[PDB]
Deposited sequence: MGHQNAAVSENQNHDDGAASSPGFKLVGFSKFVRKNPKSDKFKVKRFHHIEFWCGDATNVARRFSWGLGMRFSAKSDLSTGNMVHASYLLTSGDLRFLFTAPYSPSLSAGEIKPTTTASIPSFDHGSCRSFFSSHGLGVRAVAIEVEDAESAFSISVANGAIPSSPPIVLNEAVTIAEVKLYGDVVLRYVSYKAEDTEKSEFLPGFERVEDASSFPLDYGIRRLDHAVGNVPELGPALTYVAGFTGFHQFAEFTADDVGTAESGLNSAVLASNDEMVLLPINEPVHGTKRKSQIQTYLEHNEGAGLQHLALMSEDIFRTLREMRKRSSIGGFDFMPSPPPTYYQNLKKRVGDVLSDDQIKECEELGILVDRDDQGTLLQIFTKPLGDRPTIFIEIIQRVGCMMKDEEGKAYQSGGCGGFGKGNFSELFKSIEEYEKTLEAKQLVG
């Protein structure tokens, strides 16, 4: 059931902003590891004395990396005279966020029809305001409300090129990397209590609920279900410790857990990312045992051929299935020092109408299949 109860007009995921200690080094690592091009900048060379911000793109996926300069460079500015290109930025907020959480996502940005109206409706319906609507060069409007922890949901609306004050990046420093990633599929939060978190977000957006493992979870979705916001809470006192609880402890509370990036060819994406894992890119979780891939034939043998199942095994890809579609997924090890944020690469098969969002689910069924698969241990014991 989709009651289409969005309280304002939501278009698509727009960008994700990481708050960094040094934006240059994180952006360069992510660019090489994920195959994202340098496409825009706002920094000292563009007249920004407040923060350094670098934009990477791959298809419609936009990753923004921002770090503060010395407050001394902008000591004489006030908000009416600021050189910052992102008006919500604050030196103290950014340093406090990073000191408290380490490297991670500050902003989940969605494009809306009217960011001022989205902000107003959201706050009227319970959203805690974070940054009021600011109109940039009479062209772009940006506003922010609190989502969970110190993560904000950022609204952006365009009258008619990322943000004013950003410059397109010099061709020489913009190598056209591309490993196949095309857009953000979903963005997932970890919280101590799922119930109140869902009630708060669903309350102010009108997003509806989208149709033993250490977690309980639920997914909020926009009218066309292309903006997907799962939220997890821990399940305490199990056999092994909950990964959600470990996250909360190492992150100092709620925050963004993972970003799921849709690829238009997950085989190529994973080949390219895995070649770079040990030369500056990203590491992947340990692959499932061969029994997992033998079990794939019975589960998805009508969707994937033997060779494609063999290719999944070569690359460590997980496979799950809905009553409507199929999901190919894999998870990176944490992106930084702390066992907190990580990335999921995904590709979805089915639900052709365009492909409907969330086709195939989120891989909940792979918790059971992975554990059952560990029966490779019992088979090796023989």
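Q: Numbering from 1, run down the deposited sequence and write out every stretch that has no C-alpha in the structure.
A: Sequence ranges with no C-alpha atoms are 1-34, 195-200, 252-261, 404-410, 440-445.
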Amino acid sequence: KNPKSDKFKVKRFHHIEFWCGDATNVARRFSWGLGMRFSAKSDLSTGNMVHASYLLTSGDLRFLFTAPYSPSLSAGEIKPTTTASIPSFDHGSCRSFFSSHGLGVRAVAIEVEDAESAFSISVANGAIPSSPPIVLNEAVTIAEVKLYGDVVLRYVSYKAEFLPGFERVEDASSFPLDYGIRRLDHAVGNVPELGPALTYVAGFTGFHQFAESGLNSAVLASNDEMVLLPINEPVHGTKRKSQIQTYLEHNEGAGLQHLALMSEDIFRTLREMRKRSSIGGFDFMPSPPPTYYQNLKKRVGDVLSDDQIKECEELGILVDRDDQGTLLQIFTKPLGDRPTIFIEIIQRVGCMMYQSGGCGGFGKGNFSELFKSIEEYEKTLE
From here on, numbers count along this sequence of modelled residues.
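Basically, rigid core = biggest C-alpha set you can superpose within 1.5 Å across the two forms.
Q: Please tell me which region, 162-170 or 127-135, has C-alphas lying farther from the displayed form on average in 9 other deposited structures of this protein, with superposition done on the core.
A: Comparing 127-135 with 162-170, the one that moves more in 9 other deposited structures of this protein is 162-170.
Q: Superpose by the rigid core and compare 141-149 with 297-305; which one moves more, by C-alpha RMS, in 9 other deposited structures of this protein?
A: Between the two stretches, 297-305 moves farther in 9 other deposited structures of this protein.
Q: Please determine whether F210 lacks coordinates in at least a third of the other PDB entries of this protein that model its flanking residues.
A: No: coordinates for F210 present in every compared entry.
Q: Please determine whether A75 lacks coordinates in at least a third of the other PDB entries of this protein that model its flanking residues.
A: Looking at the other entries that model residues on either side of it, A75 is missing from at least a third.
Q: Per the record, averaged over C-alpha atoms, which has the higher B-factor: 70-78 or 164-172?
A: Between 164-172 and 70-78, it is 164-172.
Q: Given the B-factors recorded for C-alpha atoms, which segment has the greater mean, 276-284 or 134-142?
A: Between 134-142 and 276-284, it is 134-142.
Q: If you compare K239, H258, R271, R154, which has the highest Cα B-factor in the entry?
A: When the deposited C-alpha B-factors of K239, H258, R271, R154 are compared, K239 is largest.
Q: Sorting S58, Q324, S45, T332 by Cα temperature factor from the record, which one lands on top?
A: The listed residue with the largest C-alpha B-factor is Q324.
Q: Lowest, middle or highest third: which one holds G195 when the chain's residues are ordered by CA B-factor from the entry?
A: Middle third - that is where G195 ends up once the chain's C-alpha B-factors are sorted.
Q: Taking the entry's C-alpha B-factors for this chain, is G180 in the lowest, middle or highest third?
A: Tercile = lowest for this residue's CA B-factor.
Q: Would the CA B-factor of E225 place it in the lowest, middle or highest third of its chain?
A: Its C-alpha B-factor, which the entry lists for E225, ranks in the middle third among residues of this chain.
Q: In terms of the chain's CA B-factor thirds, is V319 lowest, middle or highest?
A: For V319, the deposited C-alpha B-factor lands in the middle third.
Q: Ranked by Cα temperature factor within the chain, is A23 in the lowest third, the middle third or the highest third?
A: CA B-factor rank for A23: lowest third.
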